[PDB]
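Peer 1: Sharing a structure here in structure tokens format.
Backbone-built Cβ (ideal geometry, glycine too); neighbour counts: all protein chains shown. Read-outs: derived from the displayed coordinates by stated rules, not from any lab.
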Number of protein chains: 2
Amino acid sequence: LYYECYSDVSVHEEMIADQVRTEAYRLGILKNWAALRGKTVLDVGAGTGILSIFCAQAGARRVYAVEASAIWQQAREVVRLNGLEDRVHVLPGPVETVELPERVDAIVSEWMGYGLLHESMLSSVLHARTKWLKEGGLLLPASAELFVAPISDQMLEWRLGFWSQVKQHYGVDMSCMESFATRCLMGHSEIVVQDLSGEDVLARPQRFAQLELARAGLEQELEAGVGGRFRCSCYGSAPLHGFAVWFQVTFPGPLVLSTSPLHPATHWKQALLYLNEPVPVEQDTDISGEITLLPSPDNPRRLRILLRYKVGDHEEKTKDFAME
Amino acid sequence: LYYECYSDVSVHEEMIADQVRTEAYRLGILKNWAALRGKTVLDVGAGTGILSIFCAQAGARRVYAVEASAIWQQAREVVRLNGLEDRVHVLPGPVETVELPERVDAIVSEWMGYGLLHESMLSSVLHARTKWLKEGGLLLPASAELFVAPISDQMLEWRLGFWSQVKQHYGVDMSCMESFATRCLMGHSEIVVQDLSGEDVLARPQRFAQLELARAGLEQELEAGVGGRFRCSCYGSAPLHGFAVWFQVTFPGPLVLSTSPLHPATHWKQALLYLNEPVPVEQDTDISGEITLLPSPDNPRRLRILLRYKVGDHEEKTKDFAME
Ligand SMILES: Nc1ncnc2c1ncn2[C@@H]1O[C@H](CSCC[C@H](N)C(=O)O)[C@@H](O)[C@H]1O
Ligand SMILES: Nc1ncnc2c1ncn2[C@@H]1O[C@H](CSCC[C@H](N)C(=O)O)[C@@H](O)[C@H]1O
Ligand SMILES: [Mg+2]
Ligand SMILES: [Mg+2]
């Protein structure tokens, strides 16, 4: 028989083979052994079940593994295979309408998407917190932070300059293809998911928002837009291509899971915001601006980022991006 | 302004940055200096124009660079930038309806797609040959050959076995996810474009068809299906995952451009035909079958491959694939 589930397995394969992500959760859960032992847990978006099994292994008395997509069936098999069917219960469907037999002492969730909020799953976690978490209960991870940095993307620089290198390799001048390539690769309003490294970072990364996930008002902050202003000074001479956005989350003890290009790579990579064309900058060129993360009005699952930026003495500009 | 041309630049970037492909054409054209010097050339599907410029640099008196897609505008700029606007003429639209002022002494074309015939551009080259090529004129490349080999895809083997390795890395048994992963990654009828190496090849590659591009009847062979039977003996014990198909083309002198996994990688990679699940084989396991390349009836641009195969003493089986 033929099945149409390639993407289902591949997304969960990518997450579990992400050792930074999976080991950070494993250890962040283990570090909360004191708060979980003999207690009850809700795993929001349990996927293949691995975080719910981690919670049971951390001492949890009972875990409700709630999963809306078709992969829930695999999670129930994984639970049984690990001998945990008496303590980890896999519940299909959205956490917003699942029926648990009790409120829970803790919620664990791997809810983050590209640019932190793509897929807009955080609202489901907060809904579950309001509906099912006991007063003073535990949320894992407990907080998120958002970061921005100006970038000179080395790979993009090579792709753009490639056309002027053709003469050196084939004896045909194609340097007029550079304006065309720049229009096509940068003159669009899509957020580009790409992994960078420290070689690409043009100034000290700036924290522009800090989200305490249990805080009053956050569900409404998410609808109005999460973000803030930033300011930085360029390290050296380079073409500025735009900005990279990334995040970390923290497990209280604390253990930090980072998606920074200065840190080990993860499947989240970074969310890149390209200007329409490169801007030359030098050492100590001042850059300031504002970043807002928003749901897109067409598809609230889809991340929108509104960028305001000012490079040196240029006028401030605005560019409105939506997830690729 | 925002443009929607990312894929246009990226496909031509991939071809020009493919040094195996581009240098083989450059040299295959140069090798025909005697047949091209002072003569006229039609470049079918000129793209960004580089092959037409190669022809002019090989001595051609006049080159008609015909291109149906929007990139034709870039080719006219490239021609002008190389000072060739008096001898290389860029004509937009399909070669089937272009008007040339003369018949031509030679046709050059980079028409090959994944699995050789995906995109079905060969029929356009043959149409142009019948309509515009002088009697006894030159076609570059002049021939193509098709190859098949049984494969044990090392990357696929790792992805499938990954689920049974989770216990060794996180202390959670996920080995039941293997049946699921196999269904999703192999239990489908799509041709998978993937680059392999010699490590993946399970028996001596077999040539199953040879296409002399100028031969009588080929346009009708393409509609009925191109291919033939094959037989081989496995090198050693391994899971058989299916078959890889690839091609070469030859420039008469001859210079061969190969897409074999035993040869330097190209952007064509190979076209992979996975069985529904792996079949264990051993040294000297006999494998035979037949491969037919066909246009898909829904979208004649889209390659279809009909596979018949017999592994050892198993019954012969059939699997009907269509391009991803
Ligand atoms: N409202 C909701 N209720 C239940 N599951 C949800 C949900 N919103 C998103 N999901 C699911 O949440 C999962 C997030 S991916 C994380 C999977 C798993 N916890 C792991 O860490 O490996 C996906 O499987 C997605 O289908
Ligand atoms: N019938 C047709 N007439 C004109 N161009 C065609 C065509 N069928 C396909 N094409 C074009 O043929 C090109 C094949 S890609 C090869 C591009 C170029 N010769 C190079 O080698 O770099 C594409 O640009 C495609 O748009
Ligand atoms: Mg995610
Ligand atoms: Mg091609």
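Peer 1: Those residues that are out of contact with any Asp or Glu (no Cβ under 7 Å at 6 or more places or on another chain), of a type in the set (G, A, S) and more than 16 Å from ligand 3 (Cβ to nearest atom), I need them from the range A:50-74; list them, please.
Peer 2: Across the range A:50-74, the qualifying residues are A:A56, A:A58, A:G59, A:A60.
Peer 1: A further question follows. What number goes with the only condition from (1) crowded, with 22+ Cβ neighbours inside 10 Å; (2) away from ligand 3 (no atom under 16 Å from the Cβ); (3) in a strand (DSSP E or B) that A:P239 does not pass?
Peer 2: The single condition A:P239 does not satisfy is (1).
Peer 1: Could you tell me how many of the residues in the range A:30-47 are farther than 19 Å from A:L122 by Cα and either within 13 Å of another protein chain (Cβ to nearest Cβ) or of a type in the set (A, V, I, L, M, F, W, C) (or both)?
Peer 2: 5
Peer 1: Also: Would you check if there is a residue in the range B:15-22 being within 10 Å of chain A (Cβ to nearest Cβ) and of a type in the set (S, T, N, Q)?
Peer 2: Checked the range B:15-22: at least one residue is within 10 Å of chain A (Cβ to nearest Cβ) and of a type in the set (S, T, N, Q).
Peer 1: Assuming B:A56 fulfils every condition listed in (1) more than 8 Å from every other protein chain (Cβ to nearest Cβ); (2) closer than 22 Å to B:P264 by Cβ apart from one, which condition is it?
Peer 2: Only one criterion is unmet by B:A56, namely (2).
Peer 1: Right, B:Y2: under 23 Å from the mean Cα position of the chain (by Cα) and within 13 Å of another protein chain (Cβ to nearest Cβ) or not?
Peer 2: no
Peer 1: What do you reckon, is A:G242 on the phi > 0 side of the Ramachandran plot, away from ligand 4 (no atom under 16 Å from the Cβ) and in contact with a helix residue (DSSP H, G or I) (Cβ under 9 Å, 6 or more places away or on another chain)?
Peer 2: yes
Peer 1: For B:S152, state whether it is surrounded by fewer than 19 Cβ atoms within 10 Å (Cβ to Cβ) and hydroxyl-bearing (S, T, Y).
Peer 2: No: the conditions fail for B:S152.
Peer 1: Can you confirm whether the range B:17-26 contains a residue that is over 21 Å from A:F180 (Cα atoms) and either within 16 Å of ligand 3 (Cβ to nearest atom) or out of contact with any helix residue (DSSP H, G or I) (no Cβ under 8 Å at 6 or more places or on another chain) (or both)?
Peer 2: The answer is yes, given that some residue of the range B:17-26 is over 21 Å from A:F180 (Cα atoms) and either within 16 Å of ligand 3 (Cβ to nearest atom) or out of contact with any helix residue (DSSP H, G or I) (no Cβ under 8 Å at 6 or more places or on another chain) (or both).
Peer 1: Might you let me know whether the range B:135-146 holds any residue that is surrounded by fewer than 16 Cβ atoms within 10 Å (Cβ to Cβ) and either under 24 Å from the mean Cα position of the chain (by Cα) or within 16 Å of ligand 4 (Cβ to nearest atom) (or both)?
Peer 2: no
Peer 1: Related question: For B:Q248, are the conditions met, namely being more than 14 Å from chain A (Cβ to nearest Cβ), outside any loop (DSSP other than H, G, I, E, B) and closer than 19 Å to B:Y114 by Cα?
Peer 2: Yes: the conditions hold for B:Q248.
Peer 1: Among what's in the range A:70-91 and is surrounded by fewer than 17 Cβ atoms within 10 Å (Cβ to Cβ) and within 27 Å of the chain's Cα centre (by Cα), pick the residue that is farthest from the other protein chains (Cβ to nearest Cβ).
Peer 2: The residue in question is A:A70.
Peer 1: I'm trying to understand the selection: among the residues of the range B:281-324, which are within 16 Å of B:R231 (Cβ to Cβ) and in contact with a helix residue (DSSP H, G or I) (Cβ under 8 Å, 6 or more places away or on another chain)?
Peer 2: Hits for the range B:281-324: nothing passes.
Peer 1: Among the residues of the range B:193-228, count how many are touching a helix residue (DSSP H, G or I) at 6+ places or on another chain (Cβ under 9 Å) and within 15 Å of B:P261 (Cβ to Cβ).
Peer 2: Adding up the residues that qualify gives 5.
Peer 1: B:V95 - would you say it is in a loop (DSSP other than H, G, I, E, B), among the aliphatic types (A, V, I, L, M) and out of contact with any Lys or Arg (no Cβ under 7 Å at 6 or more places or on another chain)?
Peer 2: yes
Peer 1: Here's a follow-up. Would you please name the residue that is nearest to ligand 1 (Cβ to nearest atom), looking only at residues in the range B:33-56 that are surrounded by fewer than 19 Cβ atoms within 10 Å (Cβ to Cβ) and not small (G, A, S)?
Peer 2: B:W33
Peer 1: Only residues that are small (G, A, S) and surrounded by 19 or more Cβ atoms within 10 Å (Cβ to Cβ): list them for the range A:173-186, please.
Peer 2: Correct list: A:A181 only.
Peer 1: Within the range B:95-129, which residues are surrounded by fewer than 19 Cβ atoms within 10 Å (Cβ to Cβ) and away from ligand 4 (no atom under 16 Å from the Cβ)?
Peer 2: The answer is B:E96, B:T97, B:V98, B:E99, B:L100, B:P101, B:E102, B:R103, B:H127.
Peer 1: So, in the range B:1-47, how many residues would count as being within 18 Å of A:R159 (Cβ to Cβ), touching a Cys at 6+ places or on another chain (Cβ under 7 Å) and away from ligand 4 (no atom under 16 Å from the Cβ)?
Peer 2: Looking only at that region, the number is 3.
Peer 1: May I pose another question? Would you kindly identify the helices (runs of 4 or more DSSP H) lying entirely within the range B:113-201 that contain at least 3 residues that are within 14 Å of chain A (Cβ to nearest Cβ) and more than 16 Å from ligand 2 (Cβ to nearest atom)?
Peer 2: Output list reads B:154-170, B:177-186.
Peer 1: Of the conditions (1) surrounded by fewer than 22 Cβ atoms within 10 Å (Cβ to Cβ); (2) not in a strand (DSSP E or B), A:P261 fails just one. Which one is it?
Peer 2: Exception for A:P261: condition (1).
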